[PDB]
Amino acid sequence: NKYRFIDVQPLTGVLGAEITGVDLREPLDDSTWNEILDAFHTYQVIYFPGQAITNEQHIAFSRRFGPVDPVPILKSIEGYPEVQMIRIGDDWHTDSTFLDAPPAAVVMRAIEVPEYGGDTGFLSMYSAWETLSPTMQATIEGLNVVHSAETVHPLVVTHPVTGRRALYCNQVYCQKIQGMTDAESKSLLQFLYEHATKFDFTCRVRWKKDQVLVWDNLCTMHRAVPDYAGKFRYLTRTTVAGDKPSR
């Protein structure tokens, strides 16, 4: 690939990629960082295996992407209220979309994982949008969705940095399409979900100790796999803030 400061091993031909040849415990210069971010924007989700960093180093790193909020809930490691831990989102979703302004991204970090199982699967909502017929794109271009646990977001959002359109709806937080009856709203959204969760649009992340991963919370969805029952899974994550999604 066209990348001189980082090695870059794409996971599928649709999203996801792996990054090596960089010590995350050290500071990185503009041209190394310009590459890391240029990658994250093209692949949508990126991971860095065998990065034995510290929580302070975890924060700084996240901050490079954008301001570092705590999510209220979750339990932050006491000492680091920006760094929160993980040990129901086995339905595909993206995170905290009931917020006027949900997270741009999240950076996740493997502490103690199982040998196998406890994968995380992601999918591309650029792709989901992108595979709708021009006629269907037009038909729902201007619709809005009500997300809750309360707010409204557009059904198709433009990425603030990259300007690609991405379909934006998820079954965990989306009540209905504003202005439609429920029979109507249900009808569409179900189609749109059965369409986005196709296997062609997905990828699967294998979890290995001190791997550090970043996903774009606007233009992907993701889901936990429950195939580890019995085995300890302990990861941490910081949350980076984004503007209000828009069309």
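Throughout, we count residues from 1 along the sequence that is shown.
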item: Where residue 87 meets residue 88 in the shown sequence, the number of deposited residues left unmodelled; value: 4 to 9
item: Residue 150 preceded by how many uncoordinated deposited residues after residue 149; value: 10 or more
item: 203-211 set against 189-197, stretch whose average Cα temperature factor tops the other in the entry; value: 203-211
item: Which of 227-235 and 10-18 has higher mean CA B factor, as the PDB entry lists it; value: 227-235
item: Given 118, 142, 134, 103, the residue at which the Cα B factor reaches its maximum; value: 118
item: Record-listed C-alpha B factor of residue 95: chain third; value: lowest
item: Ranked C-alpha temperature factor of residue 79 among modelled chain residues, by third; value: highest
item: Modelled-residue ranking by C-alpha temperature factor, third containing residue 109; value: highest
item: Residue 179 - Cα temperature factor, lowest/middle/highest third of chain; value: lowest
item: Modelled-residue ranking by C-alpha temperature factor, third containing residue 163; value: middle
